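Undergrad: Could you have a look at this structure, given as structure tokens, before my questions?
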Amino acid sequence: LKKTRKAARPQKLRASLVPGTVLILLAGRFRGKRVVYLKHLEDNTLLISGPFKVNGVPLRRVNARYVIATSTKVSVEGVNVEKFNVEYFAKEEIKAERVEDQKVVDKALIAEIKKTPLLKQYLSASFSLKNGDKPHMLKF
Amino acid sequence: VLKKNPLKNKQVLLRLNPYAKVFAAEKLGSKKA
Amino acid sequence: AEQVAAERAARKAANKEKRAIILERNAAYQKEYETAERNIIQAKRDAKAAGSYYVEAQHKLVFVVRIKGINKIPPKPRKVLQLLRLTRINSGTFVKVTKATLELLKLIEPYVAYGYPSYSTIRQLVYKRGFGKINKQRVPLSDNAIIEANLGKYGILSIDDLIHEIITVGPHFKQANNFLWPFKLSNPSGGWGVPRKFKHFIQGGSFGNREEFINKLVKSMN
Amino acid sequence: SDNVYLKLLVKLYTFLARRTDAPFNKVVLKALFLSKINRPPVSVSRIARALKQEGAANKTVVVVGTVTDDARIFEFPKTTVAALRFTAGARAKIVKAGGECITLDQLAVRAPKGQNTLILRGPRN
RNA sequence: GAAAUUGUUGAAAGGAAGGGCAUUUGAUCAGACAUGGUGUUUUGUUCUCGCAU
RNA sequence: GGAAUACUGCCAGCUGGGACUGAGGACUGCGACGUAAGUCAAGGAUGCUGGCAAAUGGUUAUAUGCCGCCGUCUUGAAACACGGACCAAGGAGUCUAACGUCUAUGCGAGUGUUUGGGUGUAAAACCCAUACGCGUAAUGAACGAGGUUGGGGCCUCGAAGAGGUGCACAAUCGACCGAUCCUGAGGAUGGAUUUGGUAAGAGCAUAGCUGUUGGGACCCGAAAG
RNA sequence: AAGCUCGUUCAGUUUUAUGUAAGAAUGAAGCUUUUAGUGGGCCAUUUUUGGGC
RNA sequence: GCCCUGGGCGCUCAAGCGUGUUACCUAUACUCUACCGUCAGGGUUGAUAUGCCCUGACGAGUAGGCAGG
């Protein structure tokens, strides 16, 4: 095999994705649910939180291309997401750490969510389309 | 084995015409009178 | 052995010297083009200010593109196109402007479109579709050494030198044009525009002399 | 052709043509492909008469065709002849005169660039 | 022990079909034959020198 | 007095969305980055991840979107024109005599053993004396078995080129002879009007496609002595 | 197809000479020799014939 | 200028007519690339061969000719 000259350039994320932004998932068991972006992982996935205590969505890895960006942002500076890593999702039934870490993460974000009025209930409600909707026109 | 297209792929564009670097570094394409 | 590094260093030094030579030549050509355009504009300004009409020089370079298919072509235009290397449709080459050639275009005018190109269009064509003829083979122009080896004796050692020779119609115009393989051009990106292509350009058609519009047409067909 | 020896000679001459620059190899290689009619016999008389050419006292003659003995000549100066086939009479005449008859391979090994070589063709009209 | 032709059974559809381009439905099948590839200790003519592993 | 803007053309200006393509196969090459190690979008794709014991997909039937009976015939490409109920087997430029071109083999101015003889492991295989099929000194073949101009190539000198050299023959004129037109020591003998070759042979045998006439002659058929 | 040998010689290509010495442009060879087949009309056009053809 | 006497459905400030301005529909045509073959050029053996290759161009067709199975 010849020496292919293709360097692993780091991923470039679209400007519409910023930490603390409200994300919407279009695929998966949580499709249609509203989630909060936290950190970008080395595997090109997005670390997000429901938070779990609000809508039941735990910390999960998601792909940007399947996520619709929104202008609504919330503070995420107080959450120490450095603990999470790609190795934190390997498996080779819920693990004990998955509960305590999720609770700790949600404790530092439930207050911020409650700071903005109607944001808790807004996240608790699953997003869905309606008759006559025109996503291209809508800003989301 | 593969025909690199100039204009695009600036790396190959620099192979031919070394003055392209000076042209891009001096904005000669929009030079004022 | 010591050859592996010595030969590499020697060839790298020679290539660096040739690169500097080509750089200075390209800078000189660009300065000459800018000075010529500025002088032409200044002459036009002086003519306008002095209340006298301008005497623009005759167009010394033209480009012709085949517009009609081989079918039903009368023998004389077909022979003219064959001797002009305009065999397949949507193909063209640069030709010197003379009565010997203007009268030739007059015959093939119904089946071809032509005009006066420009520096930008010529450079784009030479860089993209520029193909050289070596040992009767078609070799794309991708390295200055390839052009230098075939036209080194004529003082051409880079793609910029070839473009300068083609645009200026210098003494080596014959060799520069012959070395260039006939240009393969696609159909216009935006279309021919006119609903009927087979008509004179001056009456809403396509074929015929269009002067500067040929530059626009080529870029869409490039 | 189908002769294995002819194929080997053709291979050798093709190798020499593109690696020795001298046209002598190319001419012999082209003449090798000539058919039997295109390679008429070359009599020893034709070699003897041409051997009096100025500056040919020590030159070597190569005959791609077939060397045939002749009864119209008697005196044969000492010389060297190379050809694909040598007749018994011609071979004896050449050897008797103190000369040497050799194959094309020996000529190529002694004159890689065709030095001192002379090519004589046979009549066709 | 073959074709035209004909008899039992199973799939089919509505003055006609066998033919050509791409797909689904029903049936049916090669289905990858992966048998592969990585480094040690246990016992007998100290032991992986090599056999069951 | 002032800019602005519509329009034209340039940007070896920037920044995206979407479609196909991954073709080459350990490094040798042209380039950019860098003070150097080294890196690069720089003579063709790499890195990660998920689903799987039927996986992907193939033949076939049926329904959907579009398209649509054969060989010979006059020859203006043509409708018209013969043949076809279906199936298994058979079926047609095959063999030969005399004359060649083309390709290969042996020998070579020689070539050809096989009408026969010797011999034999017995129509097999191996050898040859007479002559004999064809040319080899003919249209006595030398003024010299040709100079004048060229010429695949050979080298002297010098890369480009210069000199000579000359292979088959490219063109011309001459030499010998069958021969053309005078001459008359019977046609001698000396020239010469033109003539058909020699120059310093180039051929014989076998094998393969192939050309044309004759034998039935690519196959079935044609009013009869 | 068949040998040679010139790499250059050629053109259904385009204007001044008066049809060309063209050191005008553009494109990119020759003699042979024998070897299968080849005996049509027509659409349009040209020369522009007369009274429909 | 148009009207009167002299493809189907339908169309009537056309979905008729002439013309001007943009967009779109798609041929085996054109432009980029994957593969087979022919044709042309070249590398090749102090062994890597009627072979292993690199580069370009070309691909209609009856009788007929040649080549390969």
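Going by the structure tokens order, chains are called A, B, ..., each with residues numbered from 1, while ligands are numbered from 1 in the order shown.
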Taking only C-alpha atoms (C1' of nucleotides) into account, which residues of chain F are within 6 Å of chain B, as a ChimeraX atom specification?
TA: /F:11-12,31,43-44
Undergrad: So which residues of chain A fall under helix (DSSP H, G or I) by DSSP, listed as a PyMOL selection string?
TA: chain A and resi 52-55+64-66+81-83+86-89+96-115+119-124
Undergrad: Could you dump the residues just selected with N, CA and C atoms as a compact mmCIF listing (two decimals), in the first residue's frame?
TA:
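Writing done, so here's selection-v4.txt:
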```txt
# COMPACT_ATOMS: atom_id res chain seq x y z
N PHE A 52 -31.27 14.88 32.67
CA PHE A 52 -32.01 13.66 32.94
C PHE A 52 -33.18 13.91 33.89
N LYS A 53 -32.97 14.74 34.91
CA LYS A 53 -34.01 14.99 35.90
C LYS A 53 -35.21 15.72 35.32
N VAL A 54 -35.05 16.41 34.20
CA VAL A 54 -36.13 17.22 33.64
C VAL A 54 -36.96 16.43 32.64
N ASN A 55 -36.31 15.81 31.65
CA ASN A 55 -37.01 15.08 30.60
C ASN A 55 -36.63 13.61 30.53
N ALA A 64 -23.68 15.62 15.23
CA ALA A 64 -24.14 16.97 14.95
C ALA A 64 -25.12 16.99 13.78
N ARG A 65 -24.85 16.20 12.73
CA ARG A 65 -25.67 16.25 11.53
C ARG A 65 -27.11 15.82 11.80
N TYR A 66 -27.36 15.08 12.88
CA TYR A 66 -28.70 14.66 13.25
C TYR A 66 -29.32 15.58 14.30
N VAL A 81 -17.46 19.12 32.92
CA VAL A 81 -17.63 18.01 31.98
C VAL A 81 -16.31 17.34 31.62
N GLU A 82 -15.18 17.83 32.13
CA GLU A 82 -13.89 17.25 31.79
C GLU A 82 -13.78 15.79 32.22
N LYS A 83 -14.58 15.36 33.20
CA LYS A 83 -14.52 13.98 33.66
C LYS A 83 -14.93 13.01 32.55
N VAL A 86 -14.38 9.56 25.90
CA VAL A 86 -14.82 8.49 25.01
C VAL A 86 -14.79 7.15 25.73
N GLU A 87 -13.77 6.94 26.56
CA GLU A 87 -13.67 5.69 27.32
C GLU A 87 -14.83 5.52 28.28
N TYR A 88 -15.54 6.60 28.62
CA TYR A 88 -16.67 6.51 29.55
C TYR A 88 -17.88 5.82 28.94
N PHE A 89 -17.88 5.55 27.63
CA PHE A 89 -19.00 4.90 26.97
C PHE A 89 -18.66 3.51 26.44
N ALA A 96 -23.28 1.84 38.14
CA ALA A 96 -23.47 2.69 39.31
C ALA A 96 -23.04 4.12 39.04
N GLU A 97 -21.89 4.30 38.39
CA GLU A 97 -21.40 5.65 38.11
C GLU A 97 -22.37 6.43 37.23
N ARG A 98 -23.08 5.73 36.34
CA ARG A 98 -23.98 6.42 35.41
C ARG A 98 -25.07 7.19 36.13
N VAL A 99 -25.42 6.80 37.35
CA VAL A 99 -26.46 7.49 38.11
C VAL A 99 -25.89 8.67 38.88
N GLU A 100 -24.82 8.45 39.64
CA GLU A 100 -24.25 9.53 40.44
C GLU A 100 -23.70 10.64 39.56
N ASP A 101 -22.98 10.29 38.49
CA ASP A 101 -22.46 11.32 37.60
C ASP A 101 -23.58 12.11 36.94
N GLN A 102 -24.64 11.42 36.50
CA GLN A 102 -25.77 12.11 35.90
C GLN A 102 -26.43 13.06 36.89
N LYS A 103 -26.62 12.61 38.13
CA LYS A 103 -27.23 13.47 39.14
C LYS A 103 -26.35 14.69 39.42
N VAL A 104 -25.04 14.48 39.52
CA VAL A 104 -24.13 15.60 39.78
C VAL A 104 -24.18 16.60 38.64
N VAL A 105 -24.18 16.10 37.40
CA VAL A 105 -24.23 16.99 36.24
C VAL A 105 -25.53 17.78 36.23
N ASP A 106 -26.65 17.11 36.50
CA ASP A 106 -27.95 17.78 36.46
C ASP A 106 -28.14 18.75 37.63
N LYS A 107 -27.44 18.53 38.75
CA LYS A 107 -27.57 19.45 39.87
C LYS A 107 -27.03 20.83 39.52
N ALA A 108 -25.96 20.89 38.73
CA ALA A 108 -25.34 22.15 38.34
C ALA A 108 -26.01 22.79 37.13
N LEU A 109 -27.11 22.22 36.63
CA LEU A 109 -27.82 22.77 35.49
C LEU A 109 -29.31 22.97 35.74
N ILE A 110 -29.91 22.30 36.72
CA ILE A 110 -31.33 22.49 36.99
C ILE A 110 -31.59 23.91 37.47
N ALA A 111 -30.68 24.46 38.28
CA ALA A 111 -30.84 25.84 38.73
C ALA A 111 -30.80 26.81 37.56
N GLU A 112 -29.85 26.61 36.64
CA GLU A 112 -29.78 27.48 35.47
C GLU A 112 -31.03 27.36 34.62
N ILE A 113 -31.55 26.13 34.46
CA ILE A 113 -32.77 25.94 33.69
C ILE A 113 -33.93 26.67 34.35
N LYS A 114 -34.06 26.55 35.67
CA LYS A 114 -35.13 27.22 36.39
C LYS A 114 -34.97 28.74 36.37
N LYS A 115 -33.75 29.24 36.18
CA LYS A 115 -33.54 30.68 36.13
C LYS A 115 -34.38 31.31 35.02
N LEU A 119 -38.54 27.55 30.95
CA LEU A 119 -37.53 26.75 30.26
C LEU A 119 -37.60 25.29 30.70
N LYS A 120 -37.86 25.05 31.99
CA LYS A 120 -37.97 23.67 32.48
C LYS A 120 -39.10 22.94 31.76
N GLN A 121 -40.30 23.53 31.74
CA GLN A 121 -41.42 22.90 31.05
C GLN A 121 -41.18 22.85 29.54
N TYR A 122 -40.51 23.86 28.99
CA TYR A 122 -40.20 23.85 27.56
C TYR A 122 -39.34 22.65 27.19
N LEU A 123 -38.32 22.36 28.00
CA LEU A 123 -37.50 21.18 27.76
C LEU A 123 -38.28 19.90 28.05
N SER A 124 -39.15 19.92 29.05
CA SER A 124 -39.93 18.73 29.39
C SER A 124 -40.90 18.34 28.28
```
Undergrad: Once you count only C-alpha atoms (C1' of nucleotides), which residues of chain D turn out to be within 10 Å of chain F? Could you give them as a count of residues only?
TA: 49
Undergrad: When you look at residue 24 (chain H) with a cut-off of 12 Å (counting only C-alpha atoms (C1' of nucleotides)), what residues show up, excluding the ones that are within fewer than 2 positions of it in the same chain? I need them as an NGL selection string.
TA: (:C and (190-191)) or (:H and (22 or 26))
Undergrad: With C-alpha atoms (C1' of nucleotides) retained, export the selected residues as a PDB file, in the first residue's frame.
TA:
```
ATOM      1  CA  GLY C 190     -25.723  28.749 -18.613  1.00  0.00           C
ATOM      2  CA  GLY C 191     -26.614  27.596 -22.119  1.00  0.00           C
TER       3      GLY C 191
ATOM      4  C1'   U H  22     -35.089  35.000 -17.680  1.00  0.00           C
ATOM      5  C1'   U H  26     -32.907  16.014 -22.195  1.00  0.00           C
TER       6        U H  26
END
```
Undergrad: Apply DSSP to the backbone of this structure and, from region 16-89 of chain C, keep only the residues in strand (DSSP E or B); write these as a list in words.
TA: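 Put together, the selection reads residues 61, 62, 63, 64, 65 and 66 of chain C.
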Undergrad: Let me see the file: selected residues, N, CA, C and O atoms, as a CSV table (one decimal), in the first residue's frame.
TA:
```
chain,number,residue,atom,x,y,z
C,61,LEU,N,-5.2,39.0,-32.2
C,61,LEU,CA,-5.4,37.6,-31.8
C,61,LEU,C,-6.8,37.3,-31.7
C,61,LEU,O,-7.6,38.1,-31.2
C,62,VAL,N,-7.2,36.1,-32.3
C,62,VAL,CA,-8.6,35.7,-32.3
C,62,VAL,C,-8.7,34.2,-31.9
C,62,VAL,O,-7.7,33.5,-31.9
C,63,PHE,N,-9.8,33.8,-31.4
C,63,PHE,CA,-10.1,32.4,-31.0
C,63,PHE,C,-11.4,31.9,-31.6
C,63,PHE,O,-12.4,32.7,-31.6
C,64,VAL,N,-11.3,30.7,-32.2
C,64,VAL,CA,-12.5,30.2,-32.9
C,64,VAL,C,-12.9,28.9,-32.3
C,64,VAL,O,-12.0,28.1,-31.9
C,65,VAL,N,-14.2,28.6,-32.1
C,65,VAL,CA,-14.7,27.4,-31.5
C,65,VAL,C,-15.7,26.8,-32.5
C,65,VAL,O,-16.6,27.5,-33.1
C,66,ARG,N,-15.6,25.5,-32.7
C,66,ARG,CA,-16.6,24.8,-33.5
C,66,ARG,C,-18.0,24.8,-32.9
C,66,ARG,O,-18.1,24.5,-31.7
```
Undergrad: Write out as a PyMOL selection string the residues lying within 10 Å of residue 31 (chain E), counting only C-alpha atoms (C1' of nucleotides) and excluding same-chain residues fewer than 6 positions away.
TA: chain F and resi 53-55+57
Undergrad: Keeping only N, CA and C atoms (P, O5', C5', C4', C3', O3' and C1' of nucleotides), write the selected residues to a file as a PDB file, in the first residue's frame.
TA:
```
ATOM      1  P     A F  53     -27.890 -12.469  13.668  1.00  0.00           P
ATOM      2  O5'   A F  53     -28.030 -13.931  13.051  1.00  0.00           O
ATOM      3  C5'   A F  53     -29.151 -14.288  12.250  1.00  0.00           C
ATOM      4  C4'   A F  53     -28.984 -15.660  11.647  1.00  0.00           C
ATOM      5  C3'   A F  53     -28.397 -16.708  12.590  1.00  0.00           C
ATOM      6  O3'   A F  53     -28.938 -17.993  12.286  1.00  0.00           O
ATOM      7  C1'   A F  53     -26.954 -16.421  10.744  1.00  0.00           C
ATOM      8  P     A F  54     -33.115 -14.795   3.833  1.00  0.00           P
ATOM      9  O5'   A F  54     -33.540 -15.849   4.950  1.00  0.00           O
ATOM     10  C5'   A F  54     -32.576 -16.618   5.672  1.00  0.00           C
ATOM     11  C4'   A F  54     -31.971 -15.829   6.808  1.00  0.00           C
ATOM     12  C3'   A F  54     -31.205 -14.567   6.438  1.00  0.00           C
ATOM     13  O3'   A F  54     -32.053 -13.453   6.240  1.00  0.00           O
ATOM     14  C1'   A F  54     -29.918 -15.865   7.951  1.00  0.00           C
ATOM     15  P     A F  55     -31.549 -12.194   5.378  1.00  0.00           P
ATOM     16  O5'   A F  55     -30.379 -11.563   6.255  1.00  0.00           O
ATOM     17  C5'   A F  55     -29.699 -10.396   5.820  1.00  0.00           C
ATOM     18  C4'   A F  55     -28.339 -10.268   6.458  1.00  0.00           C
ATOM     19  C3'   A F  55     -27.381  -9.305   5.773  1.00  0.00           C
ATOM     20  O3'   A F  55     -27.599  -7.953   6.142  1.00  0.00           O
ATOM     21  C1'   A F  55     -26.269 -11.348   6.205  1.00  0.00           C
ATOM     22  P     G F  57     -29.344  -5.961  -1.643  1.00  0.00           P
ATOM     23  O5'   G F  57     -28.889  -7.132  -2.626  1.00  0.00           O
ATOM     24  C5'   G F  57     -27.908  -6.906  -3.629  1.00  0.00           C
ATOM     25  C4'   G F  57     -27.407  -8.198  -4.229  1.00  0.00           C
ATOM     26  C3'   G F  57     -28.363  -8.933  -5.157  1.00  0.00           C
ATOM     27  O3'   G F  57     -28.387  -8.404  -6.472  1.00  0.00           O
ATOM     28  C1'   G F  57     -27.433 -10.466  -3.625  1.00  0.00           C
TER      29        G F  57
END
```
Undergrad: What does the distance between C1' of residue 10 (chain G) and CA of residue 80 (chain C) come to in Å, to one decimal place?
TA: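 Answer for the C1' of residue 10 (chain G) to CA of residue 80 (chain C) separation: 15.7 Å.
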Undergrad: Env of residue 14 (chain A): 12 Å cut, atoms = only C-alpha atoms (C1' of nucleotides), seq-sep filter 6 positions within chain, self excluded. Answer as JSON, numbers by chain.
TA: {"A": [40, 64, 65, 67, 68, 69], "F": [16]}
